[PDB]
Amino acid sequence: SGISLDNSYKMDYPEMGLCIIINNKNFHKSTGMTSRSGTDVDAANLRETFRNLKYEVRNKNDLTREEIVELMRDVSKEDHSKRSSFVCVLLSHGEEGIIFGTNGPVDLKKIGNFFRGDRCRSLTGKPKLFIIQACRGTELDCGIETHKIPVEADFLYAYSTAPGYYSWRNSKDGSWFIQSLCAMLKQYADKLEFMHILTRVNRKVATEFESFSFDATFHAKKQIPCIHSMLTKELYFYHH
Amino acid sequence: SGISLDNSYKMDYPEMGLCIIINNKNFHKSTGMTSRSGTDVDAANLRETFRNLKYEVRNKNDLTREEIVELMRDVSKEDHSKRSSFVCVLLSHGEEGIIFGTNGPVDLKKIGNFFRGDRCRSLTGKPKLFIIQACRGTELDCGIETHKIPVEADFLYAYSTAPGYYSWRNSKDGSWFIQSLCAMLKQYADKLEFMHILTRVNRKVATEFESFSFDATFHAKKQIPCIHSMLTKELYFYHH
Amino acid sequence: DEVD
Amino acid sequence: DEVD
Ligand code: NA
Ligand code: NA
């Protein structure tokens, strides 16, 4: 055949892959964590969005730390040979490097490690996408008026917020980040490479949202998501 | 005029901007830090690469922590009104969140903060690029055989390695990451958007390099760089 | 608006 | 090859 190029992930396997959505809304009383009003709007929007991208969506609700770890372990031990990719969405409370099960924290590194190139061989060389709506600390953004591959290769962590910062969720509309992500996937998944879609999500969150609070400490604040890419190829949700 | 689109940074200001290269090779004896053989190859390659992209390059060598902070403060207080962008390259020892001056550490957050949207007003809305060749910890990758904007918006941190991991430097050829970055900028800066260039850098580092050591602990190891993007637009080094 |  |  003629000249060939290899700059994008193969996304024409028989299946696009799994999309696991972990939706933690209600937390055990002893943890003192508040209920996350609006997160069901997010989970529903994500399910529809990834359905239209032809992912096999599995929604999970109110998982303990033990259940999260068991779920990730079990999914990583499935045969993904006929799947192009893997997507995991985490909706919960969090801190830097941490997302909360309903009864306590789980290390993000522990979750991701199940899918390492050496530990999940049917996903080696395939994109593994982790989308995270959770806080990364307690900072607020005041804004300004205008042979081998690495075992950690082929991961992308699409974070809702910058390292060290809170992440914002609206109790009626859902989270700023997930709202924006779904809108941009709906509009551009048949048009743009995934990093460029996520850049549009960055712009949407950065420009169109600002917090409203009766508490001066929390009022008029801003948010910028953070793309953490260890991908080695361009990712298009469409093929041919 | 006709329909207009606004998806990419304006890069046709009179000047592309500054490219500050901080090259720390030799460290104060009391720190116990080793000399970084090969880093001059990196600094020279970077100077030439960014010269050809029409950046005003300033090379700095063997700066103390105090000198690094003073330099960043002074540069952030320059008038960047006629400049499209800002680039800072840090070549040194490091740990997670830290790069070393010749006599002790500097917080990466402190460096970046000088250029916040509210603190450097002549760079507000313009891309601020930090390229970092430094360790982020001591993990080794064994590989596998195959109104307002946020003050933190418009930053990109192009890290040589994944969070928690060592970064590799060859004493003759320079660092894997900077070698690869310069090669990909030379080949693709007139062709590809910056995230796509950095993705090619990820692939090059991931596939073409593997460590050789007489020490089994350090032998046959791999590396994946990590793109941390809080950019809100596509970035092309060319215009018109 | 609430924080996570 | 050396580490940083
Ligand atoms: Na959000
Ligand atoms: Na490197």
Side-chain angles (χ1 to χ4, degrees), chain A residues 36-39 41-43 45-46 89-94 99 131-136 140-141 150 158-162 165-171 173-184 198 201-202 204-206 208-211 221-226 230, chain B residues 36-39 41-43 45-46 89-94 99 131-136 140-141 150 158-162 165-171 173-184 198 201-202 204-206 208-211 221-226 230, chain C, chain D:
Chain A
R36 297 178 60 260
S37 308
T39 191
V41 180
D42 281 358
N45 200 358
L46 287 158
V89 188
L90 304 165
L91 312 172
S92 196
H93 289 294
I99 59 97
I131 299 164
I132 304 133
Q133 168 60 38
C135 292
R136 302 181 76 179
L140 288 163
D141 192 315
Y159 283 99
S160 61
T161 197
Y165 284 81
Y166 287 116
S167 188
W168 287 96
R169 166 179 40 77
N170 184 273
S171 64
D173 307 331
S175 71
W176 298 358
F177 177 64
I178 297 300
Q179 281 185 63
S180 298
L181 175 64
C182 290
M184 294 301 93
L198 289 178
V201 174
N202 281 2
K204 189 174 178 64
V205 175
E208 299 179 11
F209 297 84
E210 182 180 309
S211 75
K221 304 302 180 189
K222 302 287 296 184
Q223 182 170 318
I224 181 73
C226 188
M230 290 161 290
Chain B
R36 297 178 60 260
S37 308
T39 191
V41 180
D42 281 358
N45 200 358
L46 287 158
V89 188
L90 304 165
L91 312 172
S92 196
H93 289 294
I99 59 97
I131 299 164
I132 304 133
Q133 168 60 38
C135 292
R136 302 181 76 179
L140 288 163
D141 192 315
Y159 283 99
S160 61
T161 197
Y165 284 81
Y166 287 116
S167 188
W168 287 96
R169 166 179 40 77
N170 184 273
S171 64
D173 307 331
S175 71
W176 298 358
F177 177 64
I178 297 300
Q179 281 185 63
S180 298
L181 175 64
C182 290
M184 294 301 93
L198 289 178
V201 174
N202 281 2
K204 189 174 178 64
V205 175
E208 299 179 11
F209 297 84
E210 182 180 309
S211 75
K221 304 302 180 189
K222 302 287 296 184
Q223 182 170 318
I224 181 73
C226 188
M230 290 161 290
Chain C
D1 292 325
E2 293 178 0
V3 288
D4 263 335
Chain D
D1 292 325
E2 293 178 0
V3 288
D4 263 335

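Computed from heavy atoms alone, side chains included, the values below leave out hydrogens, waters and symmetry copies. Proteins get letters first, then strands, A, B, ... in listed order; numbering begins at 1 in each. Numbering of ligands and ligand atoms starts at 1, following listing order.
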Note to self: C:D1: which residues meet the side-chain contact (heavy atoms from CB on, under 4.5 Å) condition with it, sequence neighbours left out?
What the structure shows: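 By the side-chain contact (heavy atoms from CB on, under 4.5 Å) rule, C:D1 matches A:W168, A:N170, A:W176, A:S211, A:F212.
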Notebook entry, point to check: Residues in side-chain contact (heavy atoms from CB on, under 4.5 Å) with B:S180, at least two apart?
Noted result: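 Once residues adjacent in sequence are excluded, the partners of B:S180 under the side-chain contact (heavy atoms from CB on, under 4.5 Å) criterion are B:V201, B:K204, B:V205, B:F209.
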Next item on the list: Could you check if a side-chain atom of A:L46 sits within less than 4.5 angstrom of a side-chain atom of A:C182, using non-hydrogen atoms only?
Entry: yes
Margin query: I'd like to check B:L140 versus B:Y166 (side-chain heavy atoms, cut-off strictly below 4.5 Å). Are they in contact?
Written below: yes
Check: At the Na ion (ligand 2), what angle lies between atom N of B:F177 and atom OE1 of B:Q133, rounded to 10 degrees?
Finding: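 The N/OE1 angle about the Na ion (ligand 2) sits at 100°.
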Checklist line | Under 3.0 Å: N/O/S of A:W168 next to the Na ion (ligand 1) | finding: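 Yes - counting backbone and side chain alike, A:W168 has an N, O or S atom under 3.0 Å.
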Next item on the list: Using a cut-off of strictly less than 3.0 Å, determine whether B:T161 has an N/O/S atom near the Na ion (ligand 2).
Entry: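 Within the cut-off used here (under 3.0 Å), B:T161 places no N, O or S atom near the Na ion (ligand 2).
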